[PDB]
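A quick write-up on the structure given underneath.
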Amino acid sequence: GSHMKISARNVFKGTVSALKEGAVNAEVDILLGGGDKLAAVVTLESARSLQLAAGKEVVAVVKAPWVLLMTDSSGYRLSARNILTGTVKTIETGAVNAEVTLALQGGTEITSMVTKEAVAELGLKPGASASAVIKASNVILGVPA
Amino acid sequence: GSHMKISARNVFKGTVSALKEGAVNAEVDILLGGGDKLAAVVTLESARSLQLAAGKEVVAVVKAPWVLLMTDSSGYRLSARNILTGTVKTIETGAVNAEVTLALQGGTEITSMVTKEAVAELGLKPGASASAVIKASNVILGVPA
Amino acid sequence: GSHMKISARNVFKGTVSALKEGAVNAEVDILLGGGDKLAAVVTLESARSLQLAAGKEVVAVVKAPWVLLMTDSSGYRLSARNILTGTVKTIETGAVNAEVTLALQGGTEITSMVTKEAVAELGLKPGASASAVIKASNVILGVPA
Ligand code: MOO
Ligand code: MOO
Ligand code: MOO
């Protein structure tokens, strides 16, 4: 095909900047288009089978409902590895849910599915600041064949 | 800020009652407000960096779509660590999805996003009994700075 | 009860064809009804407590929003363990989301919740080919008591 056609709202192309393998799992640090950084955690088995290595090109795939949005950390530090700061670009409201797209510094867009109550409570609006919070274990990797 | 403002429908404050670290991951057992217990699984790296320890205060964050609802286990035992029993308090139906809030014994409320077909099939209604089923690996932790 | 009543759209009965335990986690390979294969990853603790073994009957539970749909891999290989190919049987559109059901070869049906934009972009329609992509870590297991 011309590309990979997958339902996930967020499919990023990038280059591995680091590969950190343990005996069970491996942490893959990816440098995205705009300069944004995204970490993924995959099994050791996958790191070997996909032939991962620093410097190789990969795709990182994150479904919309897996992305949490945060506006005020209030000093808290979280266990999720990926905290990407950006500005709200688009909100489309559904019945219970809504789709929010943030623009990150560098130009990458990330899409989150949250409740319409969350949009309301967070005060989201075009231009508002917010961070996308993604567990590295919720990032699926792809490698070209 | 006055608090942490995050999209997740479920943000619980609690105290760590146990910390169980292995070489890869760590199990964090949290005692919530009402007496409810919730287990989270985080990387070893996070357990060290966040300075986790039994007796310390934490926040546990669970997105709505990550909570499954069960009414009849029919004798089955599941691999998910958190099975919290409660009574239905609120259901708001959307187009395909719905938001269900359960009250747990002690007073904590938990919110789940499920399909409207699931609500129908389960026979959910105010006062019905049901359990929230949450994998401990789907619980994100926060620690005050 | 007559069965297990749980919200997840996908609850499959099967027999364990392989059990692969490591020091942290265990991979459980399940042979489903129609001949379809599904892999689950659970803690070692659960594999021991549930008394898992090859040849035993289990239930595998996957929430709808945890299933990604793919139509053209374009040569890419992914880190998710489960790539199940099938044909679209039913789509019900909501406001922002939609529910897609695929029929797999053998007769098993799998349901995915994706955005209505994904349905549009993928060109989904009754009879179209598509694969369900599920991380083995997003499969919850149940064992009869
Ligand atoms: O696969 Mo989706 O359309 O990001 O939920
Ligand atoms: O971040 Mo949510 O999906 O409003 O619980
Ligand atoms: O628990 Mo679900 O989101 O109705 O598959």
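Cβ atoms come from the backbone with ideal geometry, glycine included; neighbour counts cover every protein chain shown. Basis: the model, the stated rules and, where named, an outside source; these are not laboratory values.
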task = Take A:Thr111 and decide whether it is touching a residue at least 24 places away in the same chain (Cβ under 8 Å), surrounded by 20 or more Cβ atoms within 10 Å (Cβ to Cβ) and within 14 Å of chain C (Cβ to nearest Cβ).
result = yes
ask   = Restricting attention to region A:67-74, does a residue exist that is among the hydroxyl-bearing types (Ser, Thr, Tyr), touching a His at 6+ places or on another chain (Cβ under 7 Å) and more than 9 Å from chain C (Cβ to nearest Cβ)?
value = yes
key: Flag for C:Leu84 being surrounded by fewer than 21 Cβ atoms within 10 Å (Cβ to Cβ), away from every other protein chain (no Cβ under 12 Å) and closer than 28 Å to A:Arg9 by Cα   = yes
query = When you look at C:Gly35, is it assigned by CATH to the domain that holds C:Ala60 and at positive phi, yes or no?
reply = yes
note = Selection from region A:20-36 of residues farther than 22 Å from C:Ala23 by Cα and either within 16 Å of ligand 1 (Cβ to nearest atom) or in contact (Cβ under 8 Å) with a residue 24 or more places away in the chain (or both) yields A:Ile30, A:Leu32, A:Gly33, A:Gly34, A:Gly35, A:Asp36
message = Being within 8 Å of another protein chain (Cβ to nearest Cβ) and either within 16 Å of ligand 3 (Cβ to nearest atom) or crowded, with 21+ Cβ neighbours inside 10 Å (or both) is the filter here; which residues of region A:120-136 pass it?
response = A:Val133, A:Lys135
note = Considering residues that are away from ligand 1 (no atom under 16 Å from the Cβ), among the polar types (S, T, N, Q) and in a strand (DSSP E or B), the number found within region A:106-145 is 2
ask   = Which one is farthest from the chain's Cα centre (by Cα), of the residues in region A:1-36 that are among the hydroxyl-bearing types (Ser, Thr, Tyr) and more than 7 Å from chain C (Cβ to nearest Cβ)?
value = A:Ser2
message = Looking at region B:1-39 only, could you name the residues that are assigned to a strand (DSSP E or B) and within 16 Å of ligand 2 (Cβ to nearest atom)?
response = B:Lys5, B:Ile6, B:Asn10, B:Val11, B:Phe12, B:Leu38
Lone unmet requirement of (1) over 11 Å from the mean Cα position of the chain (by Cα); (2) not assigned by CATH to the domain that holds C:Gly14 for C:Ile110 = (1)
ask   = If you take the residues of region C:87-105 that are assigned to a loop (DSSP other than H, G, I, E, B) and within 16 Å of ligand 2 (Cβ to nearest atom), which of them is surrounded by the fewest Cβ atoms within 10 Å (Cβ to Cβ)?
value = C:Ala95
ask   = From the residues in region B:40-66 that are more than 9 Å from every other protein chain (Cβ to nearest Cβ) and either closer than 29 Å to C:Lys13 by Cβ or assigned to a strand (DSSP E or B) (or both), which one is nearest to ligand 2 (Cβ to nearest atom)?
value = B:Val62
